[PDB]
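These notes are about the structure you will find just below.
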Amino acid sequence: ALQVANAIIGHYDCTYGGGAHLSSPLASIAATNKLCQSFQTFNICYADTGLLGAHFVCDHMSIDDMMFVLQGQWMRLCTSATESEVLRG
Amino acid sequence: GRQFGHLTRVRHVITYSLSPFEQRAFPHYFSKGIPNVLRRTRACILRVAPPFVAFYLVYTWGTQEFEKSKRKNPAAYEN
């Protein structure tokens, strides 16, 4: 299930074709407003524990926005995951 | 106005920090607290205290002489 939600948020890179039109709200916002160069969610596993999150790369004046957006997405999913985005994931 | 990101230039400094929900809000409140305020008090008595006792001395002597100037006035008026 975590991997599904991660897929929903996905990843991004400045060489992706298709910017504004991406399904990932984070990715689309990052692409249109140039919030970063690259991002990627992840789910590292070790025995009984793991790191679950995202890693991004960006300009010095965008760290705040990227974070906001990243986090707002995490919450949206916690509280408002809609049905179709889950199919996509 | 000035925002973070446009403040100034910083070279090579690491900053480790910890979540508030992971530490105590009052580490060694008294254990380390008291000793330190003693230390800060000590460190400053000599520049803060002196002018105040000076006022203190001038205040008690000042009222003293104010009463002893009139009340004490008589005194002697002998004839």
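Which of the residues that make up region A:1-18 are part of a helix (DSSP H, G or I) and at positive phi? Show your work before the answer.
Looking only at region A:1-18, we keep the residues that are part of a helix (DSSP H, G or I), and these are A:2-9.
The answer is none; no residue qualifies.
In region A:19-30, is there at least one residue being closer than 29 Å to residue B:7 by Cα, part of a loop (DSSP other than H, G, I, E, B) and without any contact (Cβ under 8 Å) to a residue 40 or more places away in the chain?
no
Quick one: in region B:1-48, which of the residues that are surrounded by 10 or more Cβ atoms within 10 Å (Cβ to Cβ) and hydroxyl-bearing (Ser, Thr, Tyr) is farthest from the other protein chains (Cβ to nearest Cβ)?
The extreme case among them is B:41.
Just to be sure I understand the filter: pairs with C-beta atoms under 9 Å, separated by 6 or more residues or on different chains, first member in region A:54-83 and within 14 Å of chain B (Cβ to nearest Cβ), second member of a type in the set (D, E, K, R) and part of a loop (DSSP other than H, G, I, E, B). Which pairs pass?
Pairs that qualify, where the first residue is within 14 Å of chain B (Cβ to nearest Cβ) and the partner is of a type in the set (D, E, K, R) and part of a loop (DSSP other than H, G, I, E, B), are A:58/A:34; A:59/A:34; A:62/A:34.
Taking residue A:60, is it of a type outside the set (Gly, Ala, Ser), in contact with a strand residue (DSSP E or B) (Cβ under 9 Å, 6 or more places away or on another chain), exposed (fewer than 14 other Cβ atoms within 10 Å of the Cβ) and closer than 25 Å to residue B:4 by Cβ? Even if it seems obvious, please write down each step before you answer.
Details: of a type outside the set (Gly, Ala, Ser): yes; in contact with a strand residue (DSSP E or B) (Cβ under 9 Å, 6 or more places away or on another chain): no; exposed (fewer than 14 other Cβ atoms within 10 Å of the Cβ): yes; closer than 25 Å to residue B:4 by Cβ: yes.
When the stated conditions are applied, residue A:60 does not pass them.
A short reminder: the numbers here are calculations on the coordinates, not readings from a lab. Methodologically, a virtual Cβ is constructed for each residue, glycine included, from the backbone with ideal geometry; neighbour enumeration extends over all protein chains shown.
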